[PDB]
Amino acid sequence: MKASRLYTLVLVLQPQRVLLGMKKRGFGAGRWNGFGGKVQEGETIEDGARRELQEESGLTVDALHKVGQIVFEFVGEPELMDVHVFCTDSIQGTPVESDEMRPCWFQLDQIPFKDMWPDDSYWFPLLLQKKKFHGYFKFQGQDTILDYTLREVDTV
Ligand SMILES: Nc1[nH]c(=O)nc2c1ncn2[C@H]1C[C@H](O)[C@@H](COP(=O)(O)OP(=O)(O)OP(=O)(O)O)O1
Ligand code: NA
Ligand code: NA
Ligand code: NA
């Protein structure tokens, strides 16, 4: 198999809205995503998720709930991205725009799927139904899925 690198992804999901961040600069600018990044040496995955949420958005949370895991493979990249997906409904501060990321709330009947990673159209709906999931997606570039698997699970 390939080697994998650990990443986190955090969805701030409230009863009627979700907070996403727009990538502001460079290639892939204009895409909305949850918050997250690479797990660092020595921290648990959940603590890495909390850290990235705070570094990227300004928000803190006491805890997160793990809701899924998704492996991404990109043609021409030998390393897989192993993305651990968390939610929370409970926040206590305001999101902050940076030079790299603009946060915005979306109502849950206005989820901006066409401007999100294409895989989100498949797994986001499960997250909204309080389901847990495991997924895998192989991409050619940023837009085209060549192969994928997705399964609801009882335990992540
Ligand atoms: N296909 C996809 N679908 C999705 O919903 N999120 C994806 C995705 N592919 C990547 N991501 C998320 C995972 C993770 O939160 C982020 C990628 O991590 P980054 O490159 O942002 O890591 P870092 O912030 O550690 O890197 P730097 O800021 O460049 O140091 O994008
Ligand atoms: Na980051
Ligand atoms: Na990082
Ligand atoms: Na990031």
Side-chain angles (χ1 to χ4, degrees), residues 3-74 77 79-137 139 142 150 152-156:
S4 300
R5 184 172 303 278
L6 277 172
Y7 298 76
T8 58
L9 185 59
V10 179
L11 285 306
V12 179
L13 178 59
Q14 296 194 325
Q16 65 290 95
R17 61 179 188 172
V18 62
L19 185 70
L20 299 169
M22 202 194 74
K23 190 168 293 182
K24 282 172 67 175
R25 300 198 290 206
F27 170 63
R31 185 157 283 182
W32 295 95
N33 191 220
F35 304 97
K38 291 172 189 176
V39 179
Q40 296 173 6
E41 177 185 11
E43 69 187 357
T44 68
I45 297 175
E46 181 188 336
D47 283 344
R50 291 176 55 237
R51 176 185 53 71
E52 290 283 340
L53 178 68
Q54 181 174 28
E55 292 179 7
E56 301 206 336
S57 75
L59 295 176
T60 54
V61 297
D62 288 315
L64 295 172
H65 300 271
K66 190 178 192 174
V67 298
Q69 187 178 350
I70 312 164
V71 175
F72 298 108
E73 181 163 6
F74 289 88
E77 301 192 46
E79 200 175 76
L80 301 172
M81 302 175 61
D82 181 18
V83 182
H84 293 246
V85 187
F86 297 82
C87 280
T88 179
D89 61 354
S90 178
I91 65 177
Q92 301 160 33
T94 51
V96 176
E97 173 170 355
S98 71
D99 291 328
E100 289 188 27
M101 181 291 294
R102 183 179 290 102
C104 182
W105 291 105
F106 293 85
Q107 294 289 93
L108 295 176
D109 61 359
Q110 292 285 271
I111 300 163
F113 288 110
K114 78 176 192 170
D115 288 325
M116 292 163 79
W117 278 97
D119 48 286
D120 292 23
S121 290
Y122 298 93
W123 58 262
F124 226 80
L126 292 172
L127 190 148
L128 296 174
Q129 294 179 307
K130 311 307 170 58
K131 298 171 180 170
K132 296 180 182 66
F133 56 88
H134 284 174
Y136 163 82
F137 298 79
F139 276 88
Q142 301 243 306
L150 183 61
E152 181 181 353
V153 298
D154 290 303
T155 307
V156 183

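When a residue number appears, it is its place in the shown sequence, counting from 1. Heavy atoms only: backbone and side chains are in, while hydrogens, waters and symmetry mates are out.
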[atom1]-[atom2] distance between [X] and [Y], expressed to the nearest 0.5 angstrom:
X: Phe133; Y: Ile70; atom1: CZ; atom2: CD1; value: 4.5 Å
X: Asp119; Y: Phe124; atom1: CG; atom2: CZ; value: 10.5 Å
X: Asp115; Y: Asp120; atom1: CG; atom2: CG; value: 11.5 Å
X: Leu126; Y: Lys132; atom1: CG; atom2: NZ; value: 11.5 Å
X: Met81; Y: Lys38; atom1: CE; atom2: NZ; value: 8.0 Å
X: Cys87; Y: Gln14; atom1: SG; atom2: CD; value: 11.5 Å

If you take all heavy atoms of [X] and [Y], which pair is closest and at what distance?
X: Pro103; Y: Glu97; answer: CD-CA, 3.6 Å
X: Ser57; Y: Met101; answer: CA-CE, 4.0 Å
X: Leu59; Y: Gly93; answer: CD2-O, 3.5 Å
X: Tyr122; Y: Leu150; answer: O-CD2, 3.5 Å
X: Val156; Y: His134; answer: O-NE2, 2.8 Å

Side-chain heavy atoms of [X] within contact of [Y], under 4.5 Å:
X: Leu13; Y: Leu108; result: yes
X: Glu79; Y: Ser4; result: no
X: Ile91; Y: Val61; result: yes
X: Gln142; Y: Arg31; result: yes
X: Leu64; Y: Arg50; result: yes
X: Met22; Y: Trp32; result: yes
X: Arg25; Y: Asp99; result: yes
X: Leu9; Y: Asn33; result: yes

* To do: For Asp62 and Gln92, run side-chain contact (heavy atoms from CB on, under 4.5 Å): C-alpha distance rounded to whole Å, both residues' side-chain angles, the deciding distance at 0.1 Å, then the answer.
  => CA-CA 10 Å; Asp62 288 315; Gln92 301 160 33; 3.8 Å; yes
* Could you pull out all residues at least two apart from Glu43 that satisfy salt bridge (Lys or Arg N to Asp or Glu O under 4.0 Å)? =>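 Partners of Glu43 by the salt bridge (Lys or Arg N to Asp or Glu O under 4.0 Å) criterion, ordered by chain and then number, come out as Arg51.
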* Asked: Stepwise, does the ring-ring contact (aromatic ring centres under 6.0 Å, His included) test hold for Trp117 with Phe137?
  -> CA-CA 11 Å; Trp117 278 97; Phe137 298 79; over 10 Å; no
* Look at the rings of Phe139 and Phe72 and say which category their plane angle falls in: under 30° parallel, 30 to 60° tilted, over 60° perpendicular. =>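 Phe139 and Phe72: tilted rings.
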* Using the side-chain contact (heavy atoms from CB on, under 4.5 Å) rule, pick out the option among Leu128, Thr88, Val85 that qualifies with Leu11. =>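 Per the side-chain contact (heavy atoms from CB on, under 4.5 Å) rule, the option paired with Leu11 is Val85, out of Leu128, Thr88, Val85.
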* To do: Give the intermediate values and the outcome of side-chain contact (heavy atoms from CB on, under 4.5 Å) for residues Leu6 and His84.
  => CA-CA 8 Å; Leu6 277 172; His84 293 246; 3.4 Å; yes
* Tell me, yes or no, whether the heavy-atom count around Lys66 atom NZ, taken from other residues, nucleotides or ligands under 6.0 Å, exceeds 12. =>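 Yes, the 6.0 Å shell around NZ holds more than 12 heavy atoms from other groups.
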* Tell me, yes or no, whether the heavy-atom count around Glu100 atom CD, taken from other residues, nucleotides or ligands under 6.0 Å, exceeds 12. =>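 Count not over threshold, so no.
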* Could you give me the CA-CA distance, side-chain angles and deciding distance for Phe86 and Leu53, then say whether side-chain contact (heavy atoms from CB on, under 4.5 Å) is met? => CA-CA 11 Å; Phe86 297 82; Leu53 178 68; over 6 Å; no
* For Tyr7, all residues meeting ring-ring contact (aromatic ring centres under 6.0 Å, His included), sequence neighbours excluded ->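 None.
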* Asked: Is there a donor-acceptor contact under 3.5 Å from the side chain of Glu56 to the main chain of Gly36?
  ->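 A pair under 3.5 Å: yes.
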